[PDB]
Amino acid sequence: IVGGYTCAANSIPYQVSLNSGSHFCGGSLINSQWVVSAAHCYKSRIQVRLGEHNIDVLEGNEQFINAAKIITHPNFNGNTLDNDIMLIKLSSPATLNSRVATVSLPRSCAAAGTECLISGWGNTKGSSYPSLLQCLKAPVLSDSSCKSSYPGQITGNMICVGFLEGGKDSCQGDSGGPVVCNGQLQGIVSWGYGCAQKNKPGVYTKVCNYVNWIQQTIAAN
Amino acid sequence: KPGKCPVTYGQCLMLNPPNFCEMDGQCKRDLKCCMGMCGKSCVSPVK
Ligand SMILES: [Ca+2]
């Protein structure tokens, strides 16, 4: 997160870290046993870390739970990043206290201008990862804006969230993390051209298109 | 292999994206090993 602020400790209880030796992606806890992330964050072995604030210091609050299964969207295109969504089943459920909670799926897609919270442990510039969870308030942008910034590359499954002036954006290491608007998961950190560049807002998987796929996939697993 | 890697424009927001190949010889048929939006993979060459 470039241009954001350090979150209050544990104020984003649905935010997870995906770890396979170190943090590499974010994720969103949507029920006690299921995390939603980006398909491009796929690894054959993942440990999910819940309750985190300082990813580099055990603060007591953490749950460390391995992934038992990992299901990428069947139509994921690794070359265009269309359908950039995956689900992770925890090998045992997380305990839901005040420091680990679920986030709701959307009831519908967010209107342009809806104000959202984006979070993660990605770079805050060069690099590198901050220790403490970062936070950034940002609005959904019109499809029109999104496609002027990235002509030909925005599918029906992508939304742009942020500022066209730049300065404020998700960055490398925020991949797979949440965009939450009026208490609903609306975006998954996916891609962009650099970070915080002018007319290059972040591109996000449009989670509202996947509500049924999420429920169906969970139902079958 | 003959041809160029395609021009790309975004990058996935992962620091160390996955590489599914290191050289063209690891790619079937006329496919090249190219950095894309998210790491290296076998893709069709351009002109
Ligand atoms: Ca910690």
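Numbering of chain A is taken from Swiss-Prot, so the residues present carry the numbers 9-133, 136-231, in order.
The backbone N, Cα and C atoms fix where each Cβ goes, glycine too.
Look at Swiss-Prot and you will find A:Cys15-A:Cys145, A:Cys33-A:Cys49, A:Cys117-A:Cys218, A:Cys124-A:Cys191, A:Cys156-A:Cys170, A:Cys181-A:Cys205 tagged as disulfide bond. Feature annotation from Swiss-Prot assigns active site, charge relay system to A:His48, A:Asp92, A:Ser185. The Ca(2+) binding site annotation in Swiss-Prot covers A:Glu60, A:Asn62, A:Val65, A:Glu70. Taken from Swiss-Prot, the feature site 'Required for specificity' applies to A:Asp179, supported by similarity to another entry.
The Ca(2+) site is set by A:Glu60, A:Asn62, A:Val65, A:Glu70; from the centre of their CB atoms, other residues of the chain with a CB within 8 Å are A:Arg57, A:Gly59, A:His61, A:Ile63, A:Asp64, A:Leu66, A:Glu67, A:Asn69. The recorded positions A:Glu60, A:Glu70, A:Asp92 differ in how many other CB atoms lie within 10 Å of their CB, and the one with the most is A:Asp92. With an 8 Å limit on C-beta distances, the recorded positions from A:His48, A:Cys49, A:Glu60, A:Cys117, A:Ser185 that reach chain B are A:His48, A:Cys49, A:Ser185.
Screening the recorded positions A:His48, A:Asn62, A:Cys191, A:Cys205 for a C-beta under 6 A from any atom of ligand 1 leaves A:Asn62. Spanning 2 unmodelled residues, the distance from A:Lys133 to A:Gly136 taken between Cα atoms equals 5 Å. Comparing A:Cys205 (disulfide bond) with A:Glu70 (Ca(2+) binding site), their Cα atoms are 29 Å apart once rounded. Comparing local CB density within 10 A for the disulfide-bonded residues A:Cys33, A:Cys170, A:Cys181, A:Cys191, the maximum falls on A:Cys33. One residue stands out among the disulfide-bonded residues A:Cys15, A:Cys117, A:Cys156, A:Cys218 for having the most other Cβ atoms within 10 Å of its Cβ: A:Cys156.
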